[PDB]
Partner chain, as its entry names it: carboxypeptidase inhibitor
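Single chain ahead, written as structure tokens, the form deposited without its partner chain.
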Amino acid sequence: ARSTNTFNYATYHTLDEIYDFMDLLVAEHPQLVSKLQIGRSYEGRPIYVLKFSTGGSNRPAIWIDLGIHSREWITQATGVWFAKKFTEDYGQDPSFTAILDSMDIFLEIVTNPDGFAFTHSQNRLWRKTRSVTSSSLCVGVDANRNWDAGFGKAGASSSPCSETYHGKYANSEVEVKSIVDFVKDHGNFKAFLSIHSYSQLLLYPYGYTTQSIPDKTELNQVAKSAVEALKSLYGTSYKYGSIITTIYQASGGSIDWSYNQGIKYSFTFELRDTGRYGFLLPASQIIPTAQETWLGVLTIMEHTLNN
């Protein structure tokens, strides 16, 4: 792709193609987008965040991360589509324009670059990082069980070979600490969205405790509105609720952490499908998935700008 306009959004890409895409986008919209390097992965790959902004100084912001579980390919694909969409819609869509005129958006397309490279090179179903454990032959940590939110509690595994291993200590994974430091240093995030696949769920905190969050009525109503919006395009049906009541107890998750940091609008999306294809969703479903997910995300951003 020589332009973001010639990039093929209807196919799955490699890490290099995605990183090149970032530079194309910055080159084409220098006034709206910038590429920030917030760290380096365990295997030394740069960890990039795209910042979308119309100006100001430390405007209230929205965090969006995709690909923390490497095999959920639909999420990185949706992330590239979102990046392009932001640049297309600014000045076109009255609602989205209103959002960018007052808030900044930080997008992390490939949150776990080492696992992603591995899914292309050796094992398509790899979901963890690629950090090497001391007293183990097993590699990697489930980065969505490594956050300081009920870390090590039930709903995570203490065995290194487990697909749900939580890691040695909270924030042991550089991929997670890089986000933690950035968000804490910024201090003006209002929303935190983490995108995964699959199951068609929109969840709010918590997963590590049965305790109800103080903002449950509001987040529940936002979730209902977001799922109604998403369903509107293709009729895709999502369920919504707190993590623990919807799925099961799960500790060390990112939205439990972000909520505990005071970022009220903390939600996780589990994208298509419900099991027919699971992690190997056909390339043909990339654009429709991205399109409907954008409506759900925009709904949350609108509430955020207003509240």
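Numbering follows the first chain given and starts at 1.
Below, we turn to the form deposited with its partner chain bound, even though it does not appear here.
Among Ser178, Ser199, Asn220, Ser172, the residue placing a heavy atom within 4.5 Å of its partner chain in the entry with it bound is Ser199. Only one of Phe106, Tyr204, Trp73, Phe192 lies close to its partner chain in the entry with it bound, with a heavy atom inside 4.5 Å, and it is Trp73. Contact with its partner chain in the entry with it bound holds for all three of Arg127, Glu163 and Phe279, each having a heavy atom within 4.5 Å. Taking the partner from elsewhere, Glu270 is found to have a heavy atom lying within 4.5 Å of its partner chain in the entry with it bound. Proximity of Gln261 to its partner chain in the entry with it bound: non-hydrogen atoms within 4.5 Å are absent; the residue sits far from the partner. When its partner chain is considered in the entry with it bound, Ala156 lines it closely, a heavy atom lying within 4.5 Å. Its partner chain is not shown here, and in the entry with it bound it never comes within 4.5 Å of any heavy atom of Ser102.
Shown here without its partner chain, the chain has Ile244, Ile247, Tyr248, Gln249 in 240-261 lying with a heavy atom within 4.5 Å of that partner in the entry with it bound.
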